[PDB]
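Structural features, examined
Read off the chains here:
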2 protein chains.
Amino acid sequence: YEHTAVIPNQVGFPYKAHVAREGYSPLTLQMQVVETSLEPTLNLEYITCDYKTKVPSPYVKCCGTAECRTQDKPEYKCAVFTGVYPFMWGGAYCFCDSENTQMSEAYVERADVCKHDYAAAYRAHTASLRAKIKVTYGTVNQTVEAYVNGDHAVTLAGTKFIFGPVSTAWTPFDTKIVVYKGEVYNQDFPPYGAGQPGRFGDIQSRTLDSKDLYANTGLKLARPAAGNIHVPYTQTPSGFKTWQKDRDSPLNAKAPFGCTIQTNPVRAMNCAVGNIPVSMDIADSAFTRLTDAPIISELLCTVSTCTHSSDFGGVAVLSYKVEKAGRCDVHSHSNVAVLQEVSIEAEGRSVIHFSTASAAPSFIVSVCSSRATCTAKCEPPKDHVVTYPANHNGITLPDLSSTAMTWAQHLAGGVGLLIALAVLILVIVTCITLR
Amino acid sequence: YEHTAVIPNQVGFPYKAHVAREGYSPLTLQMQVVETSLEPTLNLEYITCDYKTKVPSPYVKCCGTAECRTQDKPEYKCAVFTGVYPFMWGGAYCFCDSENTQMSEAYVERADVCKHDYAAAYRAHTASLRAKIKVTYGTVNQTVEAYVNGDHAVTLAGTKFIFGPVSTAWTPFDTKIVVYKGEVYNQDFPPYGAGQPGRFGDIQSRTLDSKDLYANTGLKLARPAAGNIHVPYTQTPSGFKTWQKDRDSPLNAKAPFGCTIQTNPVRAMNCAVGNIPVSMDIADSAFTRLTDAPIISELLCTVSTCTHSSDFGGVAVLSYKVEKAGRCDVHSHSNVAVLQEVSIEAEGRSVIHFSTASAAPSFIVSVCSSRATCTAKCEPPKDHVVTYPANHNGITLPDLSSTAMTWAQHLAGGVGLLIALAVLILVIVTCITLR
């Protein structure tokens, strides 16, 4: 026999549904989710890391001028300076005093710590999500992991579960994210090869091995001092290690629905929005036919205590005449109060717990195939802050017959009444004035 | 100097456009596409292949009953049969005649030819397309491959081409396709684990190595014969090799626009719909200034011959007084007739070819910066079937002054006229009747 239902996506919450086949005793299932991942799809676009310069050992030859040659490496700049007269440690270096010339070169490369430390960019797309559900009934506790796009079945002892696709598939990401060591950000990074100096994305590369760079930090070469040997050097300072101290607040603090992150693969867990549908193919060796089905009649329910509040703070007893021992099943057929236990015991009186966030509930309950009702009046608790949430639907609406709005029909009927003598005493002379 | 244009997406077709800068001579470019791919994005969901059964060697022990054990493998079924008395080759097997018992088991696994022969499912999404364009002008023949999403530049000798994104990005695919060996189909396959026996998708698996199956073919075990040794066996026949003889017509025969397929990666080629935009960054060393620009005046164009038809079947001559030799450029500034050659020669008379699918064209043509007109009357060809297509826009509209509708103004003016004596001869007495 096959069935369909919907369950709310919120961790640690009971929900329950039926089958009522024909002939046989009823059967009540409960469904409860324990985990909910989420996963987008990525494709890399570039990386960045810190860099380092090199100034390899400038060249002097005296009374003979120069010429330097070009060569392939990113951001190579050579220069040529006339009229230099150094003065090294031992004495004066060489004496062809007026006509001396000197060259200089330097370049930029990646540092030695890039293959442990980098900050990469990415791009997002449509995403899929998977859940873990604990389902119990009959004589069996089981749990099951499942994809949520509507194609993946799974086998319990004879039964098939396939899940509805989604309510809606929005995500707490937009199209461009950037990931650096255990938290994800939300930037808008420059495209490629257009990083102006100083800010983020100053050194690019695709997949992190080698051979290709991009570097525009504005190298210029300056004139050396009067009577020394060094190489001067001028540069706007680096762009990576000026980002990781004056940064932002991360995305682990402005996530919308409690949606927590941890990422060697990027995820978003326990994210609590919406409904997930479920459908059911149920086997046949998990019912009871009629032989051990007890017959129960003249059911009468009362109440003794209630609060609102946030847990199982409503108690009720039951009265019934038995004929045979066994085990029946219980349910309340309305959305205003959910019960606690999944199977009452046999002969005598027995109690049931329930919770309801309303002033005056009324519903109909049925331990086995006979039905009954019982209603109550309620009062608020004296507290303000709890540590554990939400064990009711959250519907606080008035009933059709309460102390509160039994006042309502008297006033509306009362105001409905006094026009009624007014309407006809108009008319009773309205005929006679056509004499 | 920068420029923008649009070109029609149809293989083997000429199109041409200008720049007219200032001061310099004009310049005419032509653009022509030779190939057009298309490519969607995929993600695998399951596969299927043929299967095979195994019946490993049933067990007898006599005057001692049985018990078989369960074990983990897909679709394992064991049985137990009482009162069997076999009779093997040599004589009677064993003699504990009344109390004998016998067991049987069998299972299902994948065959030996799955890693050369399978049929997988997939899913489609948004797609991107790339083209190959031959562009020529000046003194240069070149071709260039290019992405069509508006981000990818490309370098000729100094110039930059970037292409407009798309007209629209529909595809000849819907969201679920299934691929088997060189042609793609269009099915609607069951989700996962819900394949009822006999039809497609009877054995599933994700990525094709091992360890996980799904199999529901309805194995049952039957009673062995009276006095033999075999294992009976009953099964609805396989689902894969009942699909590949009674199949469908494939998608290589109902593709919409001539869109042909071949697929180790899935593609769709030469697919002829729509327009693709183009923009232009043009260098400066590919013009002529004025020094070798000849001066041409008193241009006069006539005509001698035309057909409609499907190729270059209109010829015209040109007359002009020269002052210096060289090479000028030609163009017709309307959408009713496209020319053939890209640069006329210098001094004398010269001819130009053109094509036009209309009864009586009129347009304005300009070998260099002076302009002229020439019109003609035409007649249909005597043929019905050609082997090569479409060398005109395809606009067959009437002109503003033809033999055909010079008849039109006389009738409309004639009917416009005879009301005009009627209107005033009304009025001329309409005053005098207010005497």
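Deposited coordinates in this entry are attributed by the record to cryo-EM, at a stated resolution of 4.4 Å.

What follows is about a nonpolar patch on the surface. All names here are of chain A. Together, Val-415, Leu-418, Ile-419, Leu-421, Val-423, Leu-424, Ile-425, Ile-428, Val-429 and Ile-432 make up a nonpolar patch on the protein surface, roughly 950 Å² of accessible area in all. Looking at the secondary structure, you find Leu-424 in helix α1 (residues 403–430). Taking relative accessible area as the criterion, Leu-424 reaches 47% and is therefore assigned partly exposed.

Let us look at the environment of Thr-396 of chain B. All names here are of chain B. Tracing the backbone through its elements, the reader meets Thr-396 in the loop between β23 (372–375) and α1 (403–430). Its relative accessible area of 57% is what places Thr-396 among the exposed residues. As a C-alpha pair, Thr-396 and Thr-356 span 40 residues in sequence and 8.4 Å in three-dimensional space. Not counting residues up to four positions away in its chain, the partners in contact with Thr-396 are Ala-357 and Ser-358. Separated by 2.3 Å, the side chain of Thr-396 and the backbone oxygen of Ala-357 make a polar contact.

Attention now moves to the interface of chain A and chain B. Contact with chain A, which involves seven residues of that partner, is made by six residues of chain B. On inspection of chain A and its partner chain B, the count reaches four residue pairs in polar contact. Across the side of chain A that touches chain B, the residue classes break down as three nonpolar, two polar and two charged.

Residues and elements named next belong to chain A. Read across the sheet, three strands follow the order β1-β16-β12 without closing on themselves; strand pairing throughout is antiparallel. Each edge of the open sheet is held by one strand with a lone partner, namely β1 (2–8) and β12 (160–163). Along the sheet, successive strands turn relative to each other by an average axial angle of 25 degrees, direction set aside. Direction of pairing for β1 relative to strand β16 (residues 275–281): antiparallel, over a ladder of seven bridges. Across the sheet, the residue bridging to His-3 is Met-280, located in β16.

Here we take up the environment of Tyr-107 of chain B. All names here are of chain B. You can see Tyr-107 is positioned in strand β8 (residues 100–110). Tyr-107 sits in the buried class, given a relative accessible area of 11%. A C-alpha to C-alpha distance of 61 Å links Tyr-107 and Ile-162, two positions 55 residues apart in sequence. When residues no more than four places from it in sequence are discounted, the contact partners of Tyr-107 are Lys-52, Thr-53, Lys-54, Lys-73, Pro-74 and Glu-75. A distance of 3.3 Å separates the side chain of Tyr-107 from the side chain of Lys-73, its partner in a polar contact.

Glancing now at the packing of aromatic side chains. Residues and elements named next belong to chain A. By the definition in use, this model includes 20 aromatic pairs over all chains. Here the aromatic rings of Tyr-46 and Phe-189 are separated by 5.7 Å at their centres, their planes lie at 75 degrees, and the arrangement is edge-to-face. Taken together, the residues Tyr-46 in the loop between β3 (27–36) and β4 (47–48) and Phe-189 in the loop between β13 (178–179) and β14 (203–204) connect sequence positions 143 residues apart. Judged by relative accessible area, which is 7%, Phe-189 ranks as buried.

Counted by the stated rule, this structure contains ten salt bridges over all chains. In this structure, the salt-bridge partner of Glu-45 of chain A is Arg-123 of chain A, at a minimum N-O distance of 3.5 Å. Taken as a pair, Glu-45 of chain A in the loop between β3 and β4 and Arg-123 of chain A in the loop between β9 (119–121) and β10 (130–137) lie far apart in primary sequence, 78 residues in all. Exposure remark for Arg-123 of chain A: the relative accessible area of 29% places this residue in the partly exposed category. Among the ionic pairs, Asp-188 of chain B bridges to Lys-176 of chain B, the shortest N-O distance being 4.0 Å. With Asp-188 of chain B in the loop between β13 (178–179) and β14 (203–204) and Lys-176 of chain B in the loop between β12 (160–163) and β13, this residue pair connects regions lying twelve residues apart in the sequence. Since its relative accessible area comes to 65%, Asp-188 of chain B is described here as exposed. For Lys-176 of chain B, a relative accessible area of 24% gives the class partly exposed.

This part is about α1 of chain A. Spanning 28 residues, α1 of chain A covers 42 Å between terminal C-alpha atoms, matching the ideal 40 Å at 1.5 Å per step. Of the residues that open α1 of chain A, the one with a side-chain oxygen 2.8 Å from the backbone nitrogen of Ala-404 of chain A is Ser-402 of chain A.

Turning next to unusual backbone geometry. Residues and elements named next belong to chain A. We note that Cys-63 has phi near 35 degrees; this positive angle belongs to a residue other than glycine. A residue is classified by how much of its surface remains accessible, and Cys-63, at 45% relative accessible area, is partly exposed. Although it is not a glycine, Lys-181 sits at a positive phi angle of roughly 60 degrees. The topology assignment puts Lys-181 in the loop between β13 and β14. On the basis of relative accessibility, which here comes to 61%, the residue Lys-181 falls in the exposed class.

Residues and elements named next belong to chain A. Under the counting rule described, the total for this entry stands at 16 disulfides over all chains. In this model, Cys-68 is linked to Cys-78 through a disulfide, with the two sulfur atoms separated by 2.0 Å. Given an S-S torsion of about -125 degrees, the disulfide between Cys-68 and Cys-78 has left-handed geometry. Remark: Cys-78 occurs in strand β7 (residues 77–82) and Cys-68 occurs in the loop between β6 (59–62) and β7; sequence separation between them is ten residues. On the basis of relative accessible area, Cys-78 is assigned to the partly exposed category, the value being 26%. Two residues, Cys-306 and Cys-378, share a disulfide whose sulfurs are 2.0 Å apart. Of this pair, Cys-306 sits in strand β18 (residues 305–306) while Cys-378 sits in the loop between β23 (372–375) and α1, and the two are 72 residues apart along the sequence. Take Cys-306 and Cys-378: they sit in the same class, and that class is buried.

Now for the pairing of β16 of chain A. All names here are of chain A. Because side chains alternate across β16, one face comprises the buried residues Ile-276, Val-278 and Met-280, and the other comprises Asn-275, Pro-277, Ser-279 and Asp-281, none of which is buried. Where β12 meets β16, four bridges bridge the pair, whose relative direction is antiparallel. Counted as the bridge partner of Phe-161 is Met-280 from β16.

The rules behind each value
Every chain here is numbered from 1 following its written sequence, a scheme that can differ from the numbering in the entry; residues without coordinates are not drawn. Chain labels run from A onward and ligand labels from 1 onward, assigned in the order the entries are written. What you see is one piece of a larger assembly, and the values refer to that piece, not the whole. Based on all heavy atoms of the structure, the side-chain values leave hydrogens and waters out of the count. Patch definition: residues above 30% relative accessible area lacking any salt bridge, with like charges linked at up to 9 Å and the nonpolar side chains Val, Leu, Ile, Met, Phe, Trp and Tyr linked at up to 5 Å. Under the convention used here, a 1.4 Å probe and the Shrake-Rupley method define accessible areas, while residue burial counts only the protein chains that appear. Whenever a carboxyl oxygen of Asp or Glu lies within 4 Å of a side-chain nitrogen of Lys or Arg, that contact is scored as a salt bridge. For helices the rule is a DSSP run of H or I covering at least 4 residues; for strands it is a run of E covering at least 2, with both sets numbered from the N terminus onward. Using a 1.4 Å probe on the protein chains alone, a residue whose accessible area is under 20% of its type maximum counts as buried, one over 50% counts as exposed, and one in between counts as partly exposed. Contacts were defined at the residue level, with two residues in contact if any of their heavy atoms lie within 4.5 Å. Polar contact is defined as a pair of N or O atoms within 3.5 Å, subject to the rule that within protein one atom must be able to donate a hydrogen and the other to accept it, and that residues adjacent in sequence are counted only when both atoms are side-chain atoms. Residue polarity is assigned by list, with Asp, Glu, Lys and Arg as charged and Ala, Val, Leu, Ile, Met, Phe, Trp, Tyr, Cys and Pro as nonpolar; anything else, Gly included, falls into the polar class. At least two bridges found by DSSP between two strands are what make those strands a pair. Angles here are taken between N-to-C directions and fall from 0 to 180 degrees, while the axes themselves are lines fitted to C-alpha atoms, restricted in helices to the stretch in contact. Pairing of aromatic side chains here covers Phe, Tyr and the six-membered ring of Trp, requires ring centres within 6.5 Å, and sorts the geometry by plane angle: under 30 degrees stacked, over 60 edge-to-face, intermediate tilted. The length a helix should cover is 1.5 Å for every residue beyond the first. In this description, a disulfide is simply a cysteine sulfur pair whose atoms lie within 2.5 Å.

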